[PDB]
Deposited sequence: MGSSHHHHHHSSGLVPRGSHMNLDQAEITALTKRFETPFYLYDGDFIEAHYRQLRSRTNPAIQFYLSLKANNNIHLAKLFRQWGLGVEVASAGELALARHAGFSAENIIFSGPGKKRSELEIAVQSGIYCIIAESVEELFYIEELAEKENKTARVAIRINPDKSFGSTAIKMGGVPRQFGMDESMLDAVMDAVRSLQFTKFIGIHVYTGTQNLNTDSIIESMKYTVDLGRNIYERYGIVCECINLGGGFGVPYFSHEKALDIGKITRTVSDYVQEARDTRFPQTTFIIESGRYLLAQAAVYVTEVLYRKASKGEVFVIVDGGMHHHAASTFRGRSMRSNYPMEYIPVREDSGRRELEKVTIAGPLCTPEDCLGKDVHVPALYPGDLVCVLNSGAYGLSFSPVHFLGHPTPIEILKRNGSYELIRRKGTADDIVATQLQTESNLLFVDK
């Protein structure tokens, strides 16, 4: 997203730092560029865990994406955002029966089961609710992807069910009288910057769909290719070749649609790739000090709002505001937040133009795994404002937190 320093300075007169600022024009253009390159039989699904703000999620709903939820709470958020039931899928390795109950009662597109015991729970709830529950299976492939792993055969994971267990899973599936099997899901992990490994895993997932037809005579109605598209945060990281991924997977999916899967919905999921680059976290320098030969710059935001930046260094931009100093030589500094813990460090030993109280530190690539990934109540600071810029206007999409927010669960 392009950062306008005068725009950000102006916003800090209207909104108290620290805040997240989202470029909604970039969000839309970035999504549409991805969409335009991708076979129309593939539907994109937003992973809500990457950002729990319903006003951002509503944008993707309006553009036709589905949403992937991982809890009954995220299911509620998805409905606040206006996603229809036919565009909601439910993942996760530890769904409680009460969560399965709400999912069955909601009639969502599918619950992606991660164990045989889960399948039987779903069946029991479908019977009690007099519904046909739609289920997919999350498969942990018996193959490792990329050109760097040592051992063949895939990796031990708490997620889903080993591919080697498919016969037992399909035997269970086909015995469930109130449950309809609709397909499969493979997800190889987040922050994947290896273009070829992504292509390989998605092709492998289409091929698993073929294998299920060959072995069981079932044509998957939904094949969820996962994704995990990474975003570069550090200088040594390179962006994915999104052109190569979209072209190669689109062609592989088209060949499947032309043969065995003419009415199958293919899904690519994304959280980070859709949102990370669209936001900046803006924080004001409160104090500057020297300690034992080092310089420390203390800012008004930190780990309780943006934990991921705390634990290399995120990309950052600096806005000089203080009107009295012109003493802006490059220096090595540590940028620390306001928390009473040495872990609250946005940047250690970072080489910046000299930062003084009133200057702004802007943390880039902050749109995913930001506020909701952080220990928001640690040390009792107010949760931050979030602002959405779009179509030339600015909209408050999250109010500043209050102390009453902290004690709500305690008084009650």
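### Query
For this chain, which runs of the deposited sequence have no C-alpha coordinates, given in order from the N-terminus?
Those parts of the chain that were deposited but carry no coordinates are 1 to 20, 332 to 337, 439 to 448.
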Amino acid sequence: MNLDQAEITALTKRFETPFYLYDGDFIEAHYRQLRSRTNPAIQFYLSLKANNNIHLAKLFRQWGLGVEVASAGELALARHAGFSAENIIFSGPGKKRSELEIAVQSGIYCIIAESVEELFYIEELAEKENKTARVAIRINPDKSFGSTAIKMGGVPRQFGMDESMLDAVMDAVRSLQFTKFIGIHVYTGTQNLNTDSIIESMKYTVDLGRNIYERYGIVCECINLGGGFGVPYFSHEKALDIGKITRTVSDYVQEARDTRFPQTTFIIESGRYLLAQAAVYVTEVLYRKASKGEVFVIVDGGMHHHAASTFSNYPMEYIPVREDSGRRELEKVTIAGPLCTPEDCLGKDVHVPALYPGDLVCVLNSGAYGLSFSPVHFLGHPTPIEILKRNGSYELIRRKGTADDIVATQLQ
From here on, numbers count along this sequence of modelled residues.
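#### Entry: Between 132 to 140 and 235 to 243 (mean CA B-factor, as deposited), the higher
That would be 235 to 243.
### Task
Going by the average Cα B-factor in the PDB entry, point out whether 339 to 347 or 361 to 369 comes out higher.
The stretch with the larger mean CA B-factor is 339 to 347.
### Task
Just grab whichever of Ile387, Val69, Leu355, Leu56 has the top CA B-factor as deposited.
Reading the PDB entry, the winner on C-alpha B-factor is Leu355.
### Task
Among the candidates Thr148, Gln158, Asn224, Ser91, give the one with the maximum CA B-factor reported in the record.
Highest C-alpha B-factor among the listed options: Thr148.
### Task
Report the third (lowest, middle or highest) to which the CA temperature factor of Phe311 belongs, ranking only the modelled residues of the same chain.
For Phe311, whose C-alpha B-factor we compare with every modelled residue in the chain, the answer is the highest third.
### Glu200 - which third its CA temperature factor falls in, relative to the rest of the chain
Answer is middle: the recorded C-alpha B-factor places it there.
### Query
Ranked by Cα temperature factor within the chain, is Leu21 in the lowest third, the middle third or the highest third?
Lowest third - that is where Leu21 ends up once the chain's C-alpha B-factors are sorted.
### Task
Ordered by C-alpha B-factor within the chain, which third holds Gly183? Give me lowest, middle or highest, please.
Lowest third - that is where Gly183 ends up once the chain's C-alpha B-factors are sorted.
### Task
For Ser291, return the chain-relative third of its C-alpha B-factor as stated in the PDB record: lowest, middle or highest.
Top third by C-alpha B-factor.
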